[PDB]
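Protein chains in written order, with the deposited numbering: chain C, 1 to 9; chain A, 1 to 133, 140 to 219; chain B, 2 to 212. Beta carbons: idealized from backbone N, C-alpha and C, even for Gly. Worksheet: the structure to be examined is printed underneath.
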Amino acid sequence: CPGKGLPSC
Amino acid sequence: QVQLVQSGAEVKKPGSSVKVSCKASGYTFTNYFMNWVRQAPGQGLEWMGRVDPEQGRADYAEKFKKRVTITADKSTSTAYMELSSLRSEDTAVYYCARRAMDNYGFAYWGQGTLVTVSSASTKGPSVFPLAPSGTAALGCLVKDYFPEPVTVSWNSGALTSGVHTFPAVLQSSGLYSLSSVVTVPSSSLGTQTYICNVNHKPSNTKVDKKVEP
Amino acid sequence: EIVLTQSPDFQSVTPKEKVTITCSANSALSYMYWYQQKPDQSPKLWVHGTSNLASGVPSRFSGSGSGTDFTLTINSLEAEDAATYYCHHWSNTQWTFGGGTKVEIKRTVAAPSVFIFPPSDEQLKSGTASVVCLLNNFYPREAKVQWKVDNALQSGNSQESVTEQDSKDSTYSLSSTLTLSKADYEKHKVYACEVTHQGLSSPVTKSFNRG
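Here's what the structure looks like:
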């Protein structure tokens with residue numbers, strides 16, 4: 001994932 | 001306010017390793033990845049890796065997987081990046097970055113940590129006058151210092167208009183050299199006193215040099 | 002391995018004009034990001050999701066792209082818009098940046114003001130002599146400085162520096178430093194610095210006689 005704590009992934 | 005304060009600049013000989021810190025504040029440390037990016041002077045940005053401070057899991061770019069170890073300490077909300085087997089091409093500014101609140105882009109960056117890799121030793125500059133002789143020009147020649155950077159002010163900041171401090175030039179000796187110049191009215195020569203204040207934090211050196219006709 | 006190539010590397014734009022920055026890829030990719038970086042500063046997030054401006058970014062900036070080609074457009078360029086712009090993308094499981102496109106302001110031609118500085122007696126007693134020639138407040142960046150000791154052309158014993166574009170008048174300044182030993186310096190008398198620049202209708206020479 002590009003990051004954490006976001007619903008996109 | 002989200003804040004990323006990094007460690008100070010560092011001088012390194014080839015083959016050594018450098019560990020850089022990044023203190024985080026203004027947000028819950030473990031909820032966000034901490035990315036590490038580097039940029040050689042005048043060159044492009046390179047993503048190095050990241051660490052999730054909740055579990056400590058890290059992801060590295062393929063170029064940097066062999067030598068880079070990124071860690072995080074939850075207790076002090078501080079992140080670390082260690083680069084081993086240094087070379088001159090590793091000379092760069094190293095940033096720690098965090099994503100934006102509502103998207104994945106890097107919105108928050110640290111001030112940057114300069115790491116200079118070279119076999120040269122730290123050395124303060126020698127400041128020489130560039131004396132003047140309508141508008142007249144004068145300056146100071148800041149020569150043979152290492153590493154970068156050097157900052158120049160005139161009359162303790164009283165003079166800023168017309169000043170031009172040039173980018174440093176890397177000499178064949180491996181030492182840097184730059185000149186700071188300023189344009190002033192010719193009538194002010196002999197009545198107005200001009201001093202260039204040269205600061206070189208890496209060597210913990212400050213130099214004031216008076217320039218007279 | 003998803004490589005982002007940015008074209009052009011360098012671009013000069015007159016204010017109020019349109020400029021388009023391309024960030025091309027090898028594969029079809031989505032969710033491009035852009036950044037603005039100015040000298041001695043960290044990058045600032047500018048565009049995310051390939052078209053959404055970051056907070057505080059003026060609406061004259063426009064992000065776009067599809068497939069392999071992505072663009073950042075400035076529609077009415079302003080002085081503050083001069084910077085190096087980078088593109089940014091995530092391909093599993095790494096980020097990757099573009100090369101960067103430096104944007105500079107285009108202004109009317111301006112000739113340089115030339116000054117030549119002899120070495121300081123203090124430096125001479127140390128065994129080295131630095132002779133400095135100053136080209137001040139000129140546009141465009143391109144100039145030719147030439148050194149002549151007693152009319153003999155010098156080659157290889159000088160180095161040059163150019164300032165970043167001035168934020169107020171958009172001019173450049175250049176320093177050419179001729180370095181020789183005290184011994185070599187004292188074998189010659191006439192030290193001349195000859196400049197050629199677009200704003201000059203003929204070359205200009207500044208020289209001094211050692212003493």
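Cβ of residue i within 8 Å of any chain F Cβ
{"i": "C/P2", "result": "As a matter of chain content, chain F is missing from the structure shown, whose protein chains are C, A and B."}
Residue i, DSSP secondary structure in three states
{"i": "B/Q42", "result": "coil"}
{"i": "A/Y32", "result": "coil"}
{"i": "B/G66", "result": "strand"}
{"i": "residue 242 of chain B", "result": "Only positions 2 to 212 of chain B appear in this structure, which leaves residue 242 of chain B out of reach."}
{"i": "A/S77", "result": "coil"}
{"i": "A/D59", "result": "strand"}
{"i": "A/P208", "result": "helix"}
{"i": "B/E105", "result": "strand"}
{"i": "B/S52", "result": "coil"}
{"i": "A/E89", "result": "helix"}
{"i": "B/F118", "result": "strand"}
{"i": "B/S8", "result": "strand"}
{"i": "B/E161", "result": "strand"}
{"i": "B/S13", "result": "strand"}
{"i": "B/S92", "result": "strand"}
{"i": "B/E79", "result": "coil"}
{"i": "A/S121", "result": "coil"}
Where residue i falls, given that 16 or more other Cβ within 10 Å makes a residue buried
{"i": "A/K215", "result": "buried"}
{"i": "B/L154", "result": "exposed"}
{"i": "A/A40", "result": "exposed"}
{"i": "A/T197", "result": "exposed"}
{"i": "A/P132", "result": "buried"}
{"i": "B/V191", "result": "exposed"}
{"i": "A/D90", "result": "buried"}
{"i": "A/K12", "result": "buried"}
{"i": "A/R50", "result": "buried"}
{"i": "A/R57", "result": "exposed"}
{"i": "A/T28", "result": "exposed"}
{"i": "A/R87", "result": "exposed"}
{"i": "B/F11", "result": "exposed"}
{"i": "A/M81", "result": "buried"}
{"i": "A/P219", "result": "exposed"}
Residue span of the alpha helix (DSSP H) that contains residue i, given as start and end
{"i": "B/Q124", "result": "122-125"}
{"i": "B/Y186", "result": "183-187"}
For residue i: DSSP bridge partner residues
{"i": "A/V2", "result": "A/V2 pairs with nothing; no bridge assigned."}
{"i": "B/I3", "result": "DSSP lists no partner for B/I3."}
{"i": "B/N210", "result": "B/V191"}
{"i": "A/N203", "result": "A/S159, A/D214"}
{"i": "B/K145", "result": "B/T197"}
{"i": "A/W109", "result": "A/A97"}
Cβ-based neighbour list, residue i, same chain, cut-off 7 Å, excluding 5 preceding and 5 following
{"i": "B/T172", "result": "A111, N138, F139, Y140"}
{"i": "A/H206", "result": "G124, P125, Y151, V156"}
{"i": "B/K149", "result": "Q155, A193, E195"}
{"i": "A/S162", "result": "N203"}
{"i": "A/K74", "result": "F29, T30, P53"}
Same chain, Cβ closer than 6 Å to residue i, five either side skipped, listed in chain order
{"i": "B/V58", "result": "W47"}
{"i": "A/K23", "result": "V5, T78"}
{"i": "B/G68", "result": "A29"}
{"i": "A/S25", "result": "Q3"}
{"i": "B/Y34", "result": "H49, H89"}
{"i": "A/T113", "result": "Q6, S7, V20, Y94"}
{"i": "A/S185", "result": "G145, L147, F172"}
{"i": "B/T197", "result": "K145, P204"}
{"i": "B/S8", "result": "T23"}
{"i": "A/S193", "result": "none"}
{"i": "A/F128", "result": "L147"}
{"i": "B/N27", "result": "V4"}
Continuous beta strand (DSSP E) stretch holding residue i: start and end
{"i": "B/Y140", "result": "Neither: B/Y140 is in no beta strand (DSSP E) and is coded neither H nor E."}
{"i": "A/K212", "result": "211-217"}
{"i": "A/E46", "result": "45-51"}
{"i": "A/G145", "result": "141-151"}
{"i": "B/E195", "result": "191-198"}
{"i": "A/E10", "result": "10-12"}
{"i": "A/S25", "result": "18-25"}
{"i": "B/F98", "result": "95-98"}
{"i": "A/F172", "result": "That residue, A/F172, is in no beta strand (DSSP E); it is neither H nor E in DSSP."}
{"i": "A/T116", "result": "113-117"}
{"i": "A/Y104", "result": "Per DSSP, A/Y104 belongs to no beta strand (DSSP E) and is neither H nor E."}
{"i": "A/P129", "result": "126-130"}
{"i": "A/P155", "result": "From DSSP, A/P155 is part of no beta strand (DSSP E); its letter is neither H nor E."}
{"i": "A/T166", "result": "A/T166 -> no beta strand (DSSP E), and no H or E assigned at all."}
{"i": "A/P191", "result": "182-191"}
Contacts around residue i, its chain only, beta-carbon distance under 8 Å, and the 5 residues preceding and following it disregarded
{"i": "residue 139 of chain A", "result": "There are no atomic positions for residue 139 of chain A here, as chain A continues from 133 directly to 140."}
{"i": "B/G99", "result": "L5, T6, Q7, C24, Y87, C88, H89"}
{"i": "B/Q124", "result": "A130, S131"}
Residue i: CB within 7 Å of a non-hydrogen atom of the ligand GDP
{"i": "A/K65", "result": "By its list of ligands, the structure shown contains no ligand whatsoever, and the ligand GDP lies outside what it can speak to."}
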